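Form deposited in one PDB entry, single chain, as structure tokens, below.
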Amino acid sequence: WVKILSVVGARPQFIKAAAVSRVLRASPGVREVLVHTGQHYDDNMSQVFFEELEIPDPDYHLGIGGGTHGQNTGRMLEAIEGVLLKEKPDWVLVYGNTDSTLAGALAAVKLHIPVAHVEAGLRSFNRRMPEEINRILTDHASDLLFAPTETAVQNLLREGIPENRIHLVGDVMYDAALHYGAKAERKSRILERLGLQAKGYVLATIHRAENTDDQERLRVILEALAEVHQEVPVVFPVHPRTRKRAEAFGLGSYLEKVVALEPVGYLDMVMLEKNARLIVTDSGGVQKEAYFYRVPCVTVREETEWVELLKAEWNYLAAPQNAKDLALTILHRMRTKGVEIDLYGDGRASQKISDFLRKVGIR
């Protein structure tokens, strides 16, 4: 009856989409079309998520990826528009803040197709971040804004977005963690294969462009991880951009001084996060995931969007300026806990989102 077309491109977008897609598939008023831009294309970055989270094959795969901002965004814009003219959906759902997100929103909004932004209103206040551009422009292009936190609500209101278009629904990635938890615990044997026990390692992920594209920042990080490793084993699934940059900069050797893995699937990843002594990341989603599992976290950035984690003291910023301090901060915070607090809703964000889409009516 109502057709809702989702646009996904990259790993974190398949996980969110998994959770929301489940509710939309199950809903009777609702046919879904999934468009995968091709932004993430390696099997351990894309395929594995579709398999392990039980997502059906995309209705479209545009096969666009590996280019500049300008190539990727631009080619995505044109190709998504193509799909949209054929499919003529009632809603376009875009997720998060990848180049794929912005391309989806821009494609839709000029065709007068209502766009709903899942994970809306987050701000880094750091415009050099491409993801800051993406979420600002996406949000102002959107008709519905599904905010995960009250901070995000307040950001949107401050940018003069009407309250009637903003919905605090919490976080679908919490829905996903809750839902897929039993499957992870049953199926992952990553601890076994690595020979690791509960709380006998630190988990690390790093891929922010601002960390990977600057040789000195990256060196600071790899070196701090290696030092940390001497005291507590460090498990490092390595983003494909991070590996490419490490290699290009001649930092290959630093990956040998830790337990460096290829990108892992969600199920393995849950298990690593759950059983870590501490998570160190520059990832958006991992910051929250650490909090889900009540594991202290260190964010290797000058800022985070998820400021509630800092207030609650589950998270702590440590910009990579010298390996000495970064290593020290990590080992110190390894001993901390934040305060008890519920964030991110009740794990039924996707259900709230589905309901608001079905019941908004024609303008």
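What we label the rigid core is the largest C-alpha set whose atoms superpose within 1.5 Å from one form to the other. In case it trips you up, residue 1 is the first one in the sequence shown, and so on.
- Checked against the record, the higher mean CA B factor of 105-113 and 200-208 lies with 200-208.
- In this entry, the higher average B-factor at the C-alpha atoms falls on 307-315, of the pair 307-315 and 65-73.
- Across 339, 19, 353, 10, the entry's maximum B-factor at the CA atom is seen for 339.
- Residue set 140, 183, 288, 127: peak C-alpha B-factor at 127 (per PDB entry).
- Compared with the other modelled residues of the chain, the Cα B-factor recorded for residue 252 ranks in the highest third.
- Residue 46 sits in the middle third of its chain by CA B factor, as recorded in the PDB entry.
- In this PDB entry, residue 39 carries a Cα temperature factor that places it within the middle third of its chain's modelled residues.
- Compared with the other modelled residues of the chain, the Cα B-factor recorded for residue 297 ranks in the lowest third.
- Looking at the C-alpha B-factors along this chain, the one for residue 23 belongs to the middle third.
Beyond the structure shown, there is the form deposited in another entry, which is absent from this document and is the topic of what follows.
- Annotation: the position in 86, 112, 193, 158 displaced by at least 2 Å at CA between the shown form and the other one, with the core superposed, corresponds to 193.
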